[PDB]
Structure formats: C-alpha cells, structure tokens
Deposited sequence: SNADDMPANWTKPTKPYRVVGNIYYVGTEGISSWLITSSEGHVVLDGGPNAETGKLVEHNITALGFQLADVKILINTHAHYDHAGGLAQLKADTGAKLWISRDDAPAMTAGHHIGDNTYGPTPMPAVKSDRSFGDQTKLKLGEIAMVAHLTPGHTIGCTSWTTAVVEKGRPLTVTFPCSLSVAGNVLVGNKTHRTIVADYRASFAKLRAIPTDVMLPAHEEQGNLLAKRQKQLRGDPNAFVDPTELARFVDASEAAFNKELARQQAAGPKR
C-alpha cells in the first residue's frame, strides 16, 4: 500500500517573504504555510509535514520580524500529515487556538467567518479528498489596490477510492460540488497548498526582479479547478473500468 515517501522539497527550507497585503509565505520549498498578520495577532494556515517543519515555520515567522507569541489562531486546508503534521508543534509553542472543521479547539461549518483585528477570513468547506477539506478566502489591499485571496485545499485524489467507497459514500458528489463551489469564488490571488500548484518559486523570483503583481492572476483558481477536475475524471474513469 502507499509507502508515503516524501518528495525532497517538502522539507527543504526556503526563505520567507511577504506575498500581498498582510499575507506572508513561511512554508518550505514544496509545502505552503501562510502567516496573516494584524495588530491584534496573527493567523497561521498549515504547518508542513512534521514537527521539524513546524519549527521551521516558527523560525520563518520570527525571521520576518514577528513574534511567535502573537500567533493566535491555527487553521488548516486538510488534516493529513503533509499539511497538518507541523500544527501540533506550532500549537504547543504558540498557545494558539487550532480551528478544524467538524486535537482541535474549535469546530466550524461552511461560510464561517474568522476575525482577528484587521483579519477577516471565510471558510468554504470543500470535501472530497477528505470530509474536512477547507478552502479559505480573504481580501487585502496592495499599493492601494484591492485584491481577493483564496487558499484552496489541494483537490487531491491520492489514495481515494471513488467507486464503492464504503466510508465516504457520497465522495464523487462531494468532489463535484466542491469543484463548483471553488469556481464560484472570484479570486485575484490564488495561494495553493503545494508549490507546483501555483508556481510559487518562480513567482517569488518574478517578485525579486521587481514585478509588483507577480502573485496576481484572477484566472488561476478557475484553471486550477479545471485541471484538478480533469485529473479527478481520469482517476474516476480508471476506477470505473477496473
């Protein structure tokens, strides 16, 4: 069965940086983690694949000039190890409250609003890969220009049973509804959970060369959903033939 070897870049350090507005990238080369800041405290979304990368996230937060003690809320895209594995370490070292859609401190439902000072975020449940998959949205202002931001879950089909799933019986219908929900979200800035899903490394280089809108592409979430759904369709067709 699945050997769960980790691609090398999932645990490879990369320099943290400001993306847009009050959103900062603090993850690894391959696995995203995001710091969203306010004068009343910060949110961290995802923690990388293990306790060691959770420590790396901590040090990226403080390398950007912020205080770890000011992290107040931890959130998640989906609760598998590659995105959630570092959250327990961050929880222990920050005393922050861990939000997880229904060890967690608060459950939440679809359209839940998270507010912390200037931070306003909205959870959009996007079940499929797991029943708890959560995509997050927010908005920022960058050089006086308003921008909408979406943190989609991974839209993965890795290890999913799509025909005769006895656990998640509605899995195919959930995926298809989640695809539709994500398409219906206007999104100037898509910030995905894996580097290759957003070309984040190359965008960071564009930014260092002076591109002020390197992360802005209002068509990208539609293109990501379309690509994830094509891969979903292919895997579904394979499992149906077998």
Stretches of the deposited sequence lacking C-alpha coordinates, in sequence order, are 103-127, 268-271
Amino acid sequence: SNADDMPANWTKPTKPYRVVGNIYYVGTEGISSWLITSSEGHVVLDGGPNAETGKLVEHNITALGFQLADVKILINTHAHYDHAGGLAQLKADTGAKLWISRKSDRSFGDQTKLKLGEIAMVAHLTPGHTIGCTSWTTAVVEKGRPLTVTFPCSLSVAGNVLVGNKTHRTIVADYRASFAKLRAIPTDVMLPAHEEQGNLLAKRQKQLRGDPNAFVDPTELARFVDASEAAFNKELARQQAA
From here on, numbers count along this sequence of modelled residues.
The stretch carrying the higher mean Cα B factor in the deposited entry, 207-215 or 58-66, is 207-215
Between 92-100 and 75-83, the record assigns the higher mean Cα B factor to 92-100
Among the modelled residues of its chain, the C-alpha B-factor of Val140 falls in the third labelled highest
Binned into thirds over the chain's modelled residues, the C-alpha B-factor of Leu236 lands in the lowest
On the chain's distribution of Cα B-factors, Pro152 falls within the third called lowest
Of the three thirds of Cα B-factor ranks in this chain, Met6 occupies the lowest
By the entry's values, the third containing the CA B factor of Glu40 is the highest
